[PDB]
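Okay, here we've got a single chain as structure tokens, the form deposited without the named molecule, with questions on binding and movement later.
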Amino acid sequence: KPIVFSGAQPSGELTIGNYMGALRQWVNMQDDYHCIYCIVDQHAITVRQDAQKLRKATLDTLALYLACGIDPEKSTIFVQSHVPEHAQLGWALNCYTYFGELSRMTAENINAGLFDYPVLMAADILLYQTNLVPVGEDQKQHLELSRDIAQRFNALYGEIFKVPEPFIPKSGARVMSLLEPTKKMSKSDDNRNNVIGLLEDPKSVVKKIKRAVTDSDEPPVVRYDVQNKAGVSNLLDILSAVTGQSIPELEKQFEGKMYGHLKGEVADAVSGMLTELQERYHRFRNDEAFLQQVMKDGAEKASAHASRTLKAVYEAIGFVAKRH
């Protein structure tokens, strides 16, 4: 059974694009793979931020992943800082990473964490003998560095690490920005009218969907055409992703209908989906004991695996073994 590693930032406010895209895909593959979800608080601190908001955001992210359907009895979910082995391997791998490799990632006032985090990312993955890593385009370089580091270390010391591969197949749910339908909906957009977050209430959803750009076709026609009708196509894709109705089925359903009707149904569909998600979220988020047990159990599972890899790394390097 292959091992899958995903880093979850405790700062991102997840959108319907994040959910209906990758997360929903992965919630349904927890028996197919040994999935690991690491809430990366040690990566978060490369950007200076309020301490109390970071603690809150870590717990927010945990509860939301649980709400979306990550099962802590099937998958391993934990907070990065709870497993010392990440920092330990991070340091070790620094010594097998060229300074040039970090500088060549795509000046004097930048903090060393922002410079060095790709090595920590490599450590995060390689600790768990990870086979597969779902990456977006923005972190393809980082995965390649982790593969380069793994092969370099293995060439010196034997087959200590698995060489991880990208998880290639995409979710098959297309969710674009509401005011810029050529651009994908992304959690890190400054214009939050482009996105629908998972904790938005029905009034917020109605508002943002009514502002979503369409086209000046006369008569208005609800037909799928990414080139000529980007906005209307996005609303159709969003609706299809929520309900499971095909694009041709929806095109037939909205025959002789204006964009107001489409928008009305999209908002209703999206909010119907978010209601069950939000119910589970607030239930988990307000249960301190549950979250504490999930984190404790997750860190214990992670540590047991991570320690085995780190011991092999340390033995290969030649460090004197700790005396327990």
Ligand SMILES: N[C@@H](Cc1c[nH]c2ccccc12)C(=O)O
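From 1 onward, residues are counted along the sequence shown.
Only in words, not in the display: the form deposited with the named molecule bound, which the text now covers.
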Of 37-45, 66-74, 288-296, 262-270, the segment with heavy atoms within 4.5 Å of the named molecule in the bound PDB entry is residues 37-45
If the cut-off is 4.5 angstroms on heavy atoms, which of these, 243, 129, 139, 81, is the one near the named molecule in the bound PDB entry? 139
Between 133, 212, 195, 205, only one gets a heavy atom within 4.5 angstroms of the named molecule in the bound PDB entry; which residue is that? 133
Quick one: does residue 149 come within 4.5 Å of the named molecule in the bound PDB entry, counting heavy atoms only? no
Hey, in the bound PDB entry, is residue 307 touching the named molecule, heavy atoms inside 4.5 Å? no
Any of the heavy atoms of residue 9 lying within 4.5 Å of the named molecule in the bound PDB entry? yes
With heavy atoms only and a cut-off of 4.5 Å, decide whether residue 121 touches the named molecule in the bound PDB entry. yes
